[PDB]
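Step one of this worksheet: look at the structure below.
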Amino acid sequence: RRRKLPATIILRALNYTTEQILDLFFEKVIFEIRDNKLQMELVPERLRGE
Amino acid sequence: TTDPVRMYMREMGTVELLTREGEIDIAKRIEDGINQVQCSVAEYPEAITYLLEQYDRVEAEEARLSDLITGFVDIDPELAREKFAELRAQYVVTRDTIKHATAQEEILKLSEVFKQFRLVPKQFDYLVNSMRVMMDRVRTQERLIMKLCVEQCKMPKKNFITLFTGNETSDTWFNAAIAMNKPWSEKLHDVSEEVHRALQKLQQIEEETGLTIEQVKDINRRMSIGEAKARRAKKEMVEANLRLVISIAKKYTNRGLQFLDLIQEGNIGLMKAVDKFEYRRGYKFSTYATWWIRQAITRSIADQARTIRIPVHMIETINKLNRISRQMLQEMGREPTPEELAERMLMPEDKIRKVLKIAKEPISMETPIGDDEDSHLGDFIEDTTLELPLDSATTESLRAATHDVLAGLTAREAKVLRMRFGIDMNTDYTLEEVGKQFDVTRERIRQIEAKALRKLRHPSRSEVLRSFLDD
Amino acid sequence: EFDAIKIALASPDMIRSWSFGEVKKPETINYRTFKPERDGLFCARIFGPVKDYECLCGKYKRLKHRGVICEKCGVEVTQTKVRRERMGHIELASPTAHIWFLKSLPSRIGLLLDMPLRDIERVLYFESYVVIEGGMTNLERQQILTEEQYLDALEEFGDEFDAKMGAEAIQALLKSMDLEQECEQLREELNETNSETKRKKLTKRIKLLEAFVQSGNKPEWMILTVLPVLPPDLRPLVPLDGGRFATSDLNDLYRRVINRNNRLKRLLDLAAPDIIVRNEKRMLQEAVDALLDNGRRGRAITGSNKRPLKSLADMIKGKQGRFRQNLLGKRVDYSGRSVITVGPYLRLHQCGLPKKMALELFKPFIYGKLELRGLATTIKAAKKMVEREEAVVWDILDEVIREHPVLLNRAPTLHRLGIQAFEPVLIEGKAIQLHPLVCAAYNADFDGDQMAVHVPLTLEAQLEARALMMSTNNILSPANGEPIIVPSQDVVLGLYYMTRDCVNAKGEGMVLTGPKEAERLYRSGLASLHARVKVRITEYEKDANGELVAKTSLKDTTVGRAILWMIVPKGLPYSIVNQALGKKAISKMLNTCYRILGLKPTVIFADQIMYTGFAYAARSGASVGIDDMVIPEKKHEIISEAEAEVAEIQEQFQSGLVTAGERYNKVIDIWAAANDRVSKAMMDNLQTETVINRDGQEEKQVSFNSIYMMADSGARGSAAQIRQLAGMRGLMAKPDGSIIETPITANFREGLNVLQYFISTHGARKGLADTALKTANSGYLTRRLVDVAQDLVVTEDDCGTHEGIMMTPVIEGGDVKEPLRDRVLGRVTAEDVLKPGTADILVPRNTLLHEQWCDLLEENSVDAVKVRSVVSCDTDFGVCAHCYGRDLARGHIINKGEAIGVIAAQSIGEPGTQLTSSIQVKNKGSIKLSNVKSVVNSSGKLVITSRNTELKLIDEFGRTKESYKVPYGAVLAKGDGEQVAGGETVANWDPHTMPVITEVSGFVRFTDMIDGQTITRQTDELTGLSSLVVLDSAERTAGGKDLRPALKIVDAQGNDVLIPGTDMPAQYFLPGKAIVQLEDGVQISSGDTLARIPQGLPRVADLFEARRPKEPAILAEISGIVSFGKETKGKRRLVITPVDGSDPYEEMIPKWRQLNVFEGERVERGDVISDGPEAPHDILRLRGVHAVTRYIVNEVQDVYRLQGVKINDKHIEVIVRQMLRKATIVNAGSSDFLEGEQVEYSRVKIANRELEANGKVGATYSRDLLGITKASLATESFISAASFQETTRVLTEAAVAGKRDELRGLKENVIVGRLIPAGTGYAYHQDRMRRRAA
RNA sequence: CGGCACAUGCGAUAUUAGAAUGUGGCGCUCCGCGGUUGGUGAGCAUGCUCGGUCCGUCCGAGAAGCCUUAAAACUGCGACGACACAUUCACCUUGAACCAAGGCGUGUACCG
Ligand SMILES: [Mg+2]
Ligand SMILES: [Zn+2]
Ligand SMILES: [Zn+2]
């Protein structure tokens, strides 16, 4: 019941960098530049309610 | 956070540990300090002759070999006789060659053979503090002359010091600077008698110790700088070895005294260890100091950790009982009866009961009885020092009845019977005292007393007073 | 013996003056023999001898000496009570901060040096340095350092520099300060410069400074140099049985302090290094601070125990301190305690009491009489005679009882009827017999509760218990004039069975010559107890002046009524016994008998009622049985119909027609409808079920069911519990507070299955937990209310003022909730009130209104009466009796002296256990509209432009039957003054639509309305009238963000239509969602809408505490034209324009929230600017003291009358008086006080009336309401401010101030153990006050 | 407008691993012995004398001896108790322990 500490520091107390923390808690949207214009890879379920 | 143990740790955490050679270096600084204070003693002849008179008290069978000093540099009484006989020849050949620079090497040799003697700290610190008192009287006279002339008559301290510091003995500062006709020389003429008298008392202090304050000031500032060097070295070693006190005092924490109390008693023991440390035996500081720290801590826990202060050997007996009853409990199995402690130990088993009784800590008077209500133990303790009010009623009625009965007697019988006992007056009076009251015979008072009691034992007077004895 | 108690600081010279020894060694007693150790914490030469008049060695053992001291070992041979009295001291080596002046929240060393507390603790724990008047070279005075900065300052400035650390540094700071120089400095800073909140803190600090210099204190006394120690018999170490001791933990604390002080002296002898002595000074600081108040550090625990020990402030402060455990309430001798029981054979001036308790209590009385009568020669013989219980002592005990009242007491003694006196009748038994009618006063049932008896020893206490506290004196409550000796349960059942009538019985319709042959007919069995019968009775009346005029007649009554008529006294009319006589009727009977015949016939009449009630209840045989609960034949039919209807709603939800919430609401409404049909079935199946015959076919009547008599008589329970026994029981609520859609369709006469009973268990357990918690909170509320108001005593006979509040009836929306009569009955008039024909004096100016005067009020048509109230009295230090009223156990005016604050606070907090569209006019009369400003529209109706309109339904007798808070902009059908009929909806507003109605008639236009930015183009699907409607703040663009849409009017000519009567047009600004329906250039009429804007007990402890409401109603400061200022800050500037005064006031309003007024209107001071709850501070600061006391009494009487509990309003008014005693002065003038100083209103009032009687100018004040936990501590008498609440802050605030307490008001006099200046002791204090300084 | 910190109220009344050694001096120890001043509840229910007698017993006034004075106190001689100092051996080796987490309120300080 001690002082409020930020959460992710305990993840950084378990030998985790920012890369695999964001890998474990998030899914990756891939931006490819197919020759121009900075396109976006799409899974259609990602667009729900948007 | 406050938590003053942690503030102590952070206040001592800045001090770092010592290497195994820095302890020897600090010990050599301690040697330099005691060397310089003993060499400061070595110039002062009055301390020398004082210990010579104390040694004549040794030779007069009023003292002992273990009173004055202890030990020599290669303690025998024949050795004391021959070394102090060489000392005797040295100070009868030394002092009488002032008749200056011829005598100085003699005084230095007398000083060296004085330094060849290993003193008791009683006599040593007595000489030190006597030099301090002498210096304080000299400084009191100096500050007295300053407060007479400098602040009041507006004389500058530079013109004060000018012919004072440098001669300090004669009237070269005093009488010449009046004749030199300074604007401040006139203001001396109201204070010349007191300044001159303080100057002559300064000369008196010089004549007591033989040499001038020009030497004495350098003697005791040399003593002061040497002792300050020694005290800084000992401060540095204590600040280093606080860690040992902590590592020892981790063990005794739950024995009833607080943690910081333990480490402060350990620090007192550590300072005693730094006082009595000797590196030339070759042991580390730790092995020597650990016994002093544990001794001070154990003595303190035995001294001051109990409400009823029980002494040292009594607590040793209690700890023996707990140790042996810890050993026997895993030997027999149930718990030891004190009948087994009769043959287990050397005590007659009736004392073991009272040792077992004394070792109980008293209950807190706010220790809660059950159900955790406002009912604590303090609300149940009855007062047994009051008197019941019925006894006060008996005392009132008894005074009334005895007053009515003594009214029924004669004048002399009632007066004697009131005077003899504590009846409604001050202290009682005995036979010769009542005889000096009435100018009457001692035996006649006894006869009147027996006749009075014989008058009171008969009924119609004995009824109302026999009523105050219950069956 | 003495006068006023003074408190101050303790100099070390004062502490050495107290002490008779220095305690140099930490021992307590020697271990082997338990003589005290010299010179330890328990000493002889320091404190006193151990035994009475005896030295410790034994050289002086007797009364031969009392002045001597033994030269072997120091003992001043005296009484050993001296050891309870003499104190010691400890010479602390290094100084030490006092924890009370360091760690309490208004820290005194903190804001005395103007230094933050963390830096002060940083100095005291040797973590830093602080300069102590170190000259002016580089470093300021309060400028702290660190160690490296100290080395910096020392190498940069070797000399003329002074900075210590620790307690020495704080002591040098406090010693160095010259106070009056800084007094001049802060007076200059409060004259020229103005830094508002900081200068408020600054004037608080200058108040502390010129209060400190006015005292006799020095600041460096806040650091302890010599610490006093307490006498040994207050921290005793006494033998228990068994050779083991009990020490108090103060012995541990003083042992630790003495130990560390000796250690620090030993370290400074040996010239320790600095780390060690700084450790030891911190440890000595911790030891002293743990001794003075343990718990403001790391809570230093004791030895061989995990439990934290008990320090000095633990022994003063709290539930177990001396203020609340051993001074305000003491355990008392001459008391007893046993189980109570009934014994109905008593008159109510007497109670039973056991012979064994009467022998044990009255032992010294028996001793006295036996040694007087000579049966015991001495007193020890008297002890053995009463020990053996010989037969001669019982006549002696019957002599000593005969006229000696005892006090009976039940443990929750909430109101003042909990302690009453009685005369004992001795009982063969071990249980106190307690008179039955008295028990409703005690809230004592006989289910095992046990009571306590106390004995008045002295003669004055016997006369007090007979004259004031005998049970026959208290037959009226102090909460109201209702009888508290109301007959409770068996007696009202015996009456309700006795006075009733069945249509056929024995002796039906015969004739009787009087009540005597009624009794001869009933007790012979010829005629029944109840049969309608013509009798001849003779009633007396008080027609002439106190004269008993007799009239005799044949009344048509019953037999049992005639039998009860013998018990009625002479004065009452016969109509008091001609009805059915339930509980309400018998309470009215006792009330009329007391208000006519005085006290004695009412007491003997209550005893005769109780006797005849118990006797004819025994003759009743009123017995409950299983056939007595008739189940309706229509029960299961209604339950089957409801079970089909829930299947209908179930099919309508499975068809997707409805949502869940409307389904839920429909199902709960139809189950409540089924429960109501079951209730109206079972009531008509109980109450009229008895149908019998006389000289004809049939006839129905009220039933002789047992449970119907026990519910109709009001004996026990009402129709809710009868409903739960016969019909279905309710609709239970789950732990959510949600309520189950499937109710319990079974009563207790039928079985309950497992699930229904399991659901009911939750309601039962919630009820029990709530009763426990509400008991605790009601106790706390009573305690705060009495401790804010013990100081108030009726002291003067009359002040003679013209002040007063305006008693009106409290009708609101529905019918009468409390009429004019029972509000004003008991009070006194301020000015004379007049008939509706004016200049007709019906009462003169100040007469005590009693029941004939309220009869004279009701025979006329009066509606509002001005009444003297205690909150507006004129008296210094109390309330004059002629202003208070009359209500008490007696009926006359309040006597000079009697404490009314205590009885008021008890009568408020005692029922704390018991606590939890359009106009549809009901009644008929004429219409009245107050503060109305309206205009006729085109449709013949009337639209209202003023929202202060109050609707009053005034009948032909002038009084008000209904009132309606008229909303702004309603549609009146009738006008004003026209005779209206019942049911007629006169005003029909749209409650979902805020009106933007006008007074003008012309072409509506757009002004500052830009399309797409301030207004959007909507094209309607339903109506089809496309328009430009104002949008929200998110979508309006940066141009039209601050620019607001406005509506304005022209006529046909294009000229701006002015309001008929003024010159301002109607330019109105619309918020978001304000729908523009009528566009540019569209004609309207007078008042058409230019647009439309669509969409318990802790209450009492919030009111008297006067906490700030969550959403406050905002109120205008001064009356004037309202206007707007700047836009879009989150707030807006509300600007007021008074016509005569200086205008420039503006107030920040959070502009998201809906306002009330429009910009075109004008408000009065104290008028509402929005809605919601309002703080009492605003009502007091704007309207007046009469308005805020009316607000409190109306709100808390709503809270009490919701439960249906009567409390007279005097009590709430006098608590309101005790709230607002403090008042801050605005203009100082010729007075001594300050522009922001808070002083009590009575003290500034006696100052002004000395100055205003002279030619000088007075001091104008600002009255300031404080809550009950803050107006009770802000008091000029600190023991009443230290007895209950936060103790440490009060003692330190009164110790730095040198405050003097003049014992002033019953708390201190209970504390100090002398007479009370309210009751019988008022004459004593009046004689002393006449004697004192005259 | 957030954060950190602290204070404060209520949470019913009532009833239930030390071991060993020596020396020194001290006594606010009530422990044996001696010396010193110095008493008290015994003969005496009249041991003696005289007077009154209600009497041979009780009242009123006198003188003496024997015998109870180490009691009370004082001071020394033993015991004990507590205290100080000193010594010998063995072990020990540089930053601890700790509880408790479930309610409802009021308020203050600091920082952003
Ligand atoms: Mg009960
Ligand atoms: Zn003594
Ligand atoms: Zn008044």
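Residues in the structure tokens are named by chain (A, B, ... in the order shown) and by number from 1 within that chain; ligands are numbered from 1 in the order shown.
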
Practice problem: List every residue of segment 239-457 of chain B that DSSP, applied to the backbone of this structure, assigns to helix (DSSP H, G or I), and report them as an MDAnalysis selection string. | Solution: chainID B and resid 239:240 242:249 253:255 259:275 279:281 285:304 312:329 338:344 351:358 370:372 377:379 389:407 411:420 431:438 442:457

What would the file look like if the residues just selected were written as a short mmCIF file (atom, residue, chain, number, x, y, z; two decimals), in the first residue's frame with C-alpha atoms?
```cif
data_model
loop_
_atom_site.label_atom_id
_atom_site.label_comp_id
_atom_site.auth_asym_id
_atom_site.auth_seq_id
_atom_site.Cartn_x
_atom_site.Cartn_y
_atom_site.Cartn_z
CA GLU B 239 34.19 7.85 13.15
CA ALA B 240 35.83 5.00 11.25
CA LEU B 242 31.24 3.02 14.24
CA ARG B 243 30.55 0.04 11.91
CA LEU B 244 31.92 -2.41 14.48
CA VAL B 245 29.53 -1.02 17.08
CA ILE B 246 26.61 -1.59 14.72
CA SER B 247 27.69 -5.13 13.83
CA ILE B 248 27.99 -6.04 17.50
CA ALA B 249 24.81 -4.30 18.61
CA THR B 253 18.38 -5.78 20.29
CA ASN B 254 15.44 -7.67 21.76
CA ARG B 255 16.85 -7.86 25.30
CA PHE B 259 18.59 -0.13 19.31
CA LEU B 260 20.13 3.34 19.41
CA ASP B 261 20.70 3.04 23.16
CA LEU B 262 22.74 -0.08 22.41
CA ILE B 263 24.83 1.58 19.74
CA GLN B 264 25.48 4.65 21.89
CA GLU B 265 26.67 2.53 24.79
CA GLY B 266 28.79 0.71 22.24
CA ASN B 267 30.22 4.02 21.07
CA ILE B 268 31.17 4.88 24.65
CA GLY B 269 32.88 1.48 24.85
CA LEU B 270 34.59 2.15 21.53
CA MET B 271 35.93 5.46 22.79
CA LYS B 272 37.27 3.64 25.85
CA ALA B 273 38.91 1.17 23.46
CA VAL B 274 40.56 3.98 21.48
CA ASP B 275 41.76 5.33 24.83
CA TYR B 279 49.12 -1.32 18.41
CA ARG B 280 52.58 -2.60 19.34
CA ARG B 281 51.07 -5.89 20.49
CA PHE B 285 41.92 -2.85 16.27
CA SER B 286 38.87 -5.09 15.86
CA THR B 287 39.99 -7.94 18.13
CA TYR B 288 40.88 -5.57 20.95
CA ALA B 289 37.91 -3.21 20.61
CA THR B 290 35.22 -5.89 20.34
CA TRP B 291 35.63 -6.94 23.98
CA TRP B 292 35.31 -3.34 25.21
CA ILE B 293 32.20 -2.73 23.11
CA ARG B 294 30.55 -5.96 24.27
CA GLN B 295 31.54 -5.20 27.87
CA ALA B 296 29.98 -1.73 27.79
CA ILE B 297 26.82 -2.99 26.07
CA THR B 298 26.36 -5.95 28.44
CA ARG B 299 27.00 -3.74 31.47
CA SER B 300 24.46 -1.22 30.16
CA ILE B 301 21.78 -3.86 29.54
CA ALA B 302 22.38 -5.18 33.04
CA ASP B 303 22.32 -1.63 34.44
CA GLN B 304 19.48 0.31 32.92
CA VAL B 312 25.11 -7.56 37.62
CA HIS B 313 25.74 -10.89 39.36
CA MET B 314 22.00 -11.36 39.88
CA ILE B 315 21.45 -11.02 36.13
CA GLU B 316 24.32 -13.45 35.57
CA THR B 317 22.45 -15.92 37.79
CA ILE B 318 19.20 -15.32 35.86
CA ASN B 319 20.95 -15.89 32.54
CA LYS B 320 22.51 -19.07 33.92
CA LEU B 321 19.03 -20.25 34.90
CA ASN B 322 17.64 -19.55 31.45
CA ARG B 323 20.64 -21.23 29.77
CA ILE B 324 20.50 -24.37 31.93
CA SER B 325 16.72 -24.55 31.64
CA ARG B 326 17.18 -24.24 27.87
CA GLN B 327 19.63 -27.15 27.91
CA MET B 328 17.64 -29.42 30.22
CA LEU B 329 14.36 -28.88 28.36
CA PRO B 338 13.68 -26.58 40.32
CA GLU B 339 14.34 -29.82 42.21
CA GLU B 340 16.39 -30.84 39.17
CA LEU B 341 18.08 -27.43 39.28
CA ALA B 342 19.18 -28.25 42.84
CA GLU B 343 21.51 -31.01 41.70
CA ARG B 344 22.11 -29.41 38.30
CA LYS B 351 17.32 -19.31 46.58
CA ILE B 352 16.47 -20.48 43.05
CA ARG B 353 12.80 -19.79 43.80
CA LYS B 354 13.50 -16.18 44.74
CA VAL B 355 15.85 -15.72 41.77
CA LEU B 356 12.98 -17.01 39.62
CA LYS B 357 10.67 -14.53 41.36
CA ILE B 358 12.90 -11.45 40.97
CA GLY B 370 -10.00 -9.34 27.42
CA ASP B 371 -12.49 -8.17 24.72
CA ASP B 372 -10.31 -5.03 24.07
CA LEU B 377 -5.62 -3.39 34.05
CA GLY B 378 -5.46 0.02 35.74
CA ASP B 379 -9.17 0.22 36.46
CA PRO B 389 -14.79 5.27 56.64
CA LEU B 390 -16.25 2.98 59.28
CA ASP B 391 -12.85 3.01 61.00
CA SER B 392 -13.00 6.80 60.92
CA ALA B 393 -16.43 6.61 62.56
CA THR B 394 -15.01 4.34 65.27
CA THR B 395 -12.12 6.75 65.82
CA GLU B 396 -14.50 9.72 66.14
CA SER B 397 -16.79 7.90 68.58
CA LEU B 398 -13.80 6.63 70.54
CA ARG B 399 -12.38 10.14 70.93
CA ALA B 400 -15.82 11.33 72.07
CA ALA B 401 -16.19 8.49 74.59
CA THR B 402 -12.66 8.87 75.97
CA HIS B 403 -13.14 12.63 76.32
CA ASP B 404 -16.37 12.05 78.25
CA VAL B 405 -14.66 9.48 80.49
CA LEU B 406 -11.59 11.63 81.16
CA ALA B 407 -13.96 14.45 82.03
CA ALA B 411 -7.94 17.45 87.44
CA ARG B 412 -4.53 15.91 88.07
CA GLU B 413 -5.48 12.40 86.93
CA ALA B 414 -6.98 13.61 83.64
CA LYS B 415 -4.10 16.05 83.07
CA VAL B 416 -1.47 13.36 83.72
CA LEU B 417 -3.30 10.83 81.57
CA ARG B 418 -3.57 13.29 78.68
CA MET B 419 0.06 14.35 79.10
CA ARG B 420 1.36 10.79 79.20
CA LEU B 431 8.16 9.87 83.55
CA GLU B 432 11.09 12.22 84.16
CA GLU B 433 9.63 14.65 81.62
CA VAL B 434 6.24 14.86 83.37
CA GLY B 435 8.24 15.15 86.60
CA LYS B 436 9.97 18.23 85.22
CA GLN B 437 6.53 19.46 84.09
CA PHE B 438 4.83 19.31 87.49
CA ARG B 442 8.78 10.25 89.27
CA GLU B 443 7.40 7.38 91.35
CA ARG B 444 4.48 9.59 92.43
CA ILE B 445 3.50 9.92 88.75
CA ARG B 446 3.52 6.12 88.47
CA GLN B 447 1.35 5.86 91.58
CA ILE B 448 -1.11 8.44 90.22
CA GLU B 449 -1.08 6.59 86.89
CA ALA B 450 -1.84 3.25 88.53
CA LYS B 451 -4.60 4.84 90.61
CA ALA B 452 -6.06 6.43 87.47
CA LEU B 453 -6.08 3.14 85.57
CA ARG B 454 -7.54 1.44 88.65
CA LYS B 455 -10.26 4.08 88.61
CA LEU B 456 -10.91 3.37 84.92
CA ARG B 457 -11.04 -0.44 85.15
#
```

Kindly provide, as a CSV table (one decimal) with N, CA, C and O atoms, in the first residue's frame, all nucleotide and amino acid residues lying within 10 Å of ligand 3, counting only C-alpha atoms (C1' of nucleotides) and all ligand atoms.
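Saved the output as part-v7.csv:
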```
chain,number,residue,atom,x,y,z
C,794,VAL,N,-31.0,30.9,30.7
C,794,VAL,CA,-32.0,31.9,30.9
C,794,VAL,C,-31.6,32.8,32.1
C,794,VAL,O,-31.5,32.3,33.2
C,796,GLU,N,-32.0,36.8,32.3
C,796,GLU,CA,-32.7,38.0,32.6
C,796,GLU,C,-34.2,37.7,32.5
C,796,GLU,O,-34.6,36.8,31.8
C,797,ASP,N,-35.0,38.5,33.2
C,797,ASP,CA,-36.4,38.3,33.2
C,797,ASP,C,-37.0,38.9,31.9
C,797,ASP,O,-38.0,38.2,31.3
C,798,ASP,N,-36.5,40.0,31.4
C,798,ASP,CA,-37.0,40.5,30.1
C,798,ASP,C,-36.0,41.5,29.6
C,798,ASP,O,-35.3,42.2,30.3
C,799,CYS,N,-35.8,41.5,28.2
C,799,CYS,CA,-34.9,42.4,27.6
C,799,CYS,C,-35.7,43.6,27.1
C,799,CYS,O,-35.2,44.8,27.1
C,800,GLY,N,-36.9,43.4,26.6
C,800,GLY,CA,-37.8,44.5,26.0
C,800,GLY,C,-37.3,45.0,24.7
C,800,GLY,O,-36.8,46.1,24.6
C,801,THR,N,-37.3,44.1,23.7
C,801,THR,CA,-37.0,44.5,22.3
C,801,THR,C,-38.2,44.4,21.4
C,801,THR,O,-39.2,43.8,21.8
C,802,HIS,N,-38.0,44.9,20.2
C,802,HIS,CA,-39.1,44.8,19.2
C,802,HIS,C,-38.8,43.8,18.1
C,802,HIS,O,-39.5,43.7,17.1
C,803,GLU,N,-37.7,43.0,18.3
C,803,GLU,CA,-37.3,42.0,17.3
C,803,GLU,C,-38.2,40.8,17.2
C,803,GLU,O,-39.1,40.6,18.1
C,804,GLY,N,-38.1,40.0,16.2
C,804,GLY,CA,-38.9,38.8,16.1
C,804,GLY,C,-38.9,38.2,14.7
C,804,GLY,O,-38.6,38.9,13.8
C,830,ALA,N,-44.3,39.7,19.5
C,830,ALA,CA,-43.4,40.9,19.5
C,830,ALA,C,-44.2,42.1,19.5
C,830,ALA,O,-44.1,42.9,20.5
C,868,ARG,N,-41.5,36.9,19.2
C,868,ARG,CA,-40.2,37.0,19.7
C,868,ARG,C,-39.5,35.6,19.7
C,868,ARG,O,-40.0,34.6,20.2
C,869,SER,N,-38.3,35.6,19.1
C,869,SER,CA,-37.5,34.4,19.0
C,869,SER,C,-36.2,34.6,19.7
C,869,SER,O,-35.6,35.7,19.8
C,870,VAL,N,-35.6,33.5,20.2
C,870,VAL,CA,-34.4,33.5,21.0
C,870,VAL,C,-33.2,33.8,20.2
C,870,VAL,O,-32.1,34.2,20.7
C,871,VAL,N,-33.3,33.7,18.9
C,871,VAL,CA,-32.1,34.0,18.0
C,871,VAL,C,-31.9,35.5,17.8
C,871,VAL,O,-30.8,35.9,17.4
C,872,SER,N,-33.0,36.3,18.0
C,872,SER,CA,-32.9,37.7,17.9
C,872,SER,C,-33.1,38.4,19.2
C,872,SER,O,-33.6,39.5,19.3
C,873,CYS,N,-32.7,37.8,20.3
C,873,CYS,CA,-32.8,38.4,21.6
C,873,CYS,C,-31.7,39.5,21.8
C,873,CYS,O,-30.8,39.6,21.0
C,874,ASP,N,-31.8,40.2,22.9
C,874,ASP,CA,-30.9,41.3,23.2
C,874,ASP,C,-30.0,41.1,24.3
C,874,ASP,O,-29.0,41.8,24.5
C,875,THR,N,-30.2,40.0,25.1
C,875,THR,CA,-29.6,39.8,26.4
C,875,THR,C,-28.1,39.4,26.2
C,875,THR,O,-27.8,38.7,25.2
C,876,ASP,N,-27.3,39.9,27.1
C,876,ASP,CA,-25.9,39.5,27.2
C,876,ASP,C,-25.8,38.1,27.9
C,876,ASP,O,-26.4,38.0,28.9
C,878,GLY,N,-27.0,35.0,27.4
C,878,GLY,CA,-28.1,34.2,27.7
C,878,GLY,C,-29.3,34.6,26.9
C,878,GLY,O,-29.2,35.4,25.9
C,879,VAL,N,-30.5,34.2,27.3
C,879,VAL,CA,-31.8,34.4,26.7
C,879,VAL,C,-32.7,34.8,27.7
C,879,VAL,O,-32.9,34.1,28.7
C,880,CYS,N,-33.4,36.0,27.6
C,880,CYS,CA,-34.3,36.4,28.6
C,880,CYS,C,-35.6,35.6,28.5
C,880,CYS,O,-36.1,35.3,27.4
C,881,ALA,N,-36.2,35.4,29.7
C,881,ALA,CA,-37.3,34.4,29.9
C,881,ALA,C,-38.5,34.8,29.1
C,881,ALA,O,-39.3,34.0,28.7
C,882,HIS,N,-38.7,36.1,29.0
C,882,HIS,CA,-39.9,36.6,28.4
C,882,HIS,C,-39.9,36.5,26.9
C,882,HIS,O,-40.9,36.7,26.2
C,883,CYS,N,-38.7,36.2,26.3
C,883,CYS,CA,-38.5,36.0,24.9
C,883,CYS,C,-38.5,34.5,24.5
C,883,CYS,O,-38.7,34.2,23.4
C,884,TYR,N,-38.2,33.7,25.5
C,884,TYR,CA,-38.0,32.2,25.1
C,884,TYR,C,-39.3,31.5,24.8
C,884,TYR,O,-39.5,30.9,23.8
C,885,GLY,N,-40.2,31.6,25.8
C,885,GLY,CA,-41.5,30.9,25.6
C,885,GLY,C,-41.9,30.3,26.9
C,885,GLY,O,-41.6,30.8,28.0
```

Practice problem: Could you report the residues within 9 Å of ligand 2, using only C-alpha atoms (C1' of nucleotides) and all ligand atoms, as a count of residues only? | Solution: 15

Practice problem: Just need the residues of chain D within 10 Å of chain B, counting only C-alpha atoms (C1' of nucleotides), so spit them out as a list in words. | Solution: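 Using only C-alpha atoms (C1' of nucleotides), chain D residues at most 10 Å from chain B: residues 16, 39, 40, 41, 44, 45, 62, 63, 64, 82, 92, 93, 94, 95, 96 and 97 of chain D.
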
Exercise. Enumerate, as JSON, numbers by chain, the complete set of residues in segment 1020-1154 of chain C that a backbone-based DSSP assignment places in strand (DSSP E or B).
Key: {"C": [1027, 1028, 1029, 1030, 1046, 1047, 1049, 1050, 1056, 1068, 1069, 1075, 1082, 1083, 1092, 1093, 1115, 1120, 1121, 1122, 1123, 1124, 1131, 1132, 1133, 1134, 1135, 1136, 1137, 1145, 1146, 1147, 1148, 1149, 1150]}

Quiz item: So which residues are near ligand 1, meaning at most 7 Å away with only C-alpha atoms (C1' of nucleotides) and all ligand atoms counted, given back as an MDAnalysis selection string?
Solution: chainID C and resid 444:449
